[PDB]
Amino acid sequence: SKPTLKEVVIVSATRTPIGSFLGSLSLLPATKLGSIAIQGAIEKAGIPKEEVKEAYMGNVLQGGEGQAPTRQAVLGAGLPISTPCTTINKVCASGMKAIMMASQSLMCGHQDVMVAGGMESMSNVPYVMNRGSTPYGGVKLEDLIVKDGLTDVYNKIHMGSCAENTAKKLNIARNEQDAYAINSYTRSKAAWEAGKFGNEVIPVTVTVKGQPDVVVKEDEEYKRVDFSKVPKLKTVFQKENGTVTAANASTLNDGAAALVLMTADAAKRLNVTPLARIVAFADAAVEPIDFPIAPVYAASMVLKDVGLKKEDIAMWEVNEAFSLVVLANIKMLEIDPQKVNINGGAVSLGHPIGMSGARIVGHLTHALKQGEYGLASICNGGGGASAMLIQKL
């Protein structure tokens, strides 16, 4: 027999703008961007801070951040000292997995109101030196972005080289990948200029003693592009017959996102209007080198579970880890390209890894029309993916 569970709703979804690597938000640690997003979400939901019972935040690169990153973000947002906190790491899937795990606690009736999201400051990720005796001939200082973030343990190659493998297998060429990337930048600029993130993004003031304030109000990455340069660029992850470039891959970035989740009962009790219902979610895993196709199986599991067909989905958010990944998913699922990553994605907006899975779910929440279904999927290092289905209320 199947358990009888509580219904879970999204009441608010807020994010910081995304900063470029060593760019506009580089002075702020990940936990502080977390505080900003969490306070933003609470404000937008219209509930007292004291109503939030527990918090989960995704965060992939936690080294040097200090004790209990999620607790820092939560206490920094002015939430009660009585609030338990857990920091989640499923690599790039962390921001989505946090929402999923929080949903499961709500479904069990173990809490009635929670905050879940993700945060990352890639600008502030440190280098490491090993503990022990210094070996004769040299001591390595490794970059934790490369070592913990972007290198497949098993193949000993960059995520970008794993992507090249799928480009080979599925015959997805340089020109197709470049066209997708240009498309992403185009959609991001359009959305931003049309005022489409007006309720999703909250601005950030950067203060430096002796300097005038800087107000960061929009995503930084999408303006850093030159369409004429795009087809000229070198293939950085493979010298012989490559396809992936700086322009058609996601970038390194800083940002945080937070959602307020509650049971249908609690939303009634607090007289708040729910934005969306969380219907179903799943995780899938494949051979580590094949992570780009893992979101295909995760999305399929979700559709099969709920009894829906791909054509029933109004809007897809397939995380733009690489242009290659989105094209692979479009090809295998046979879905309408006009319904995928409609207002841009990670290739042009950037990819603070622990945050992105939460951002894309928050974007569907705002963009879907009443009654429509949205499906968000995200690959992660090691061969995994997470996927989530929501319906707009």
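Quick note: we count residues from 1 along the sequence shown, nothing fancier. Basically, rigid core = biggest C-alpha set you can superpose within 1.5 Å across the two forms.
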Check your understanding: If you line up the core and then measure how far each C-alpha sits from this form in 6 other deposited structures of this protein, which stretch comes out higher, 90-98 or 138-146?
Key -> 138-146
Revision key, fill the gap. Quick note, superposing on core in 6 other deposited structures of this protein and taking C-alpha RMS, the more shifted stretch of 115-123 and 128-136 is 128-136
**Study point:** Mean temperature factor over C-alpha atoms, higher-scoring stretch between 105-113 and 170-178
**Key:** 170-178
Exercise for review: Read off the CA B-factors in the entry, average them over 33-41 and over 60-68, and name the higher stretch.
Suggested key: 33-41
Point to revise | Of the residues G198, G149, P288, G255, the one carrying the largest Cα B-factor as recorded | key: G198
Check your understanding: Highest Cα B-factor in the PDB entry belongs to which of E120, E317, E193, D143?
Key -> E193
Check your understanding: Lowest, middle or highest third of the chain for the C-alpha temperature factor of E221?
Key -> middle
Practice item. Quick one: classify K90 as lowest, middle or highest third of the chain based on its Cα B-factor. Key: lowest
Exercise for review: Using the B-factors in the PDB entry, rank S20's C-alpha atom against the chain and give the third, lowest, middle or highest.
Suggested key: lowest
Exercise for review: Just say lowest, middle or highest third for the CA B-factor of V230 relative to the other modelled residues in its chain.
Suggested key: highest
Exercise for review: Comparing against every modelled residue in the chain, figure out the third that the C-alpha B-factor of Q370 lands in (lowest, middle or highest).
Suggested key: highest
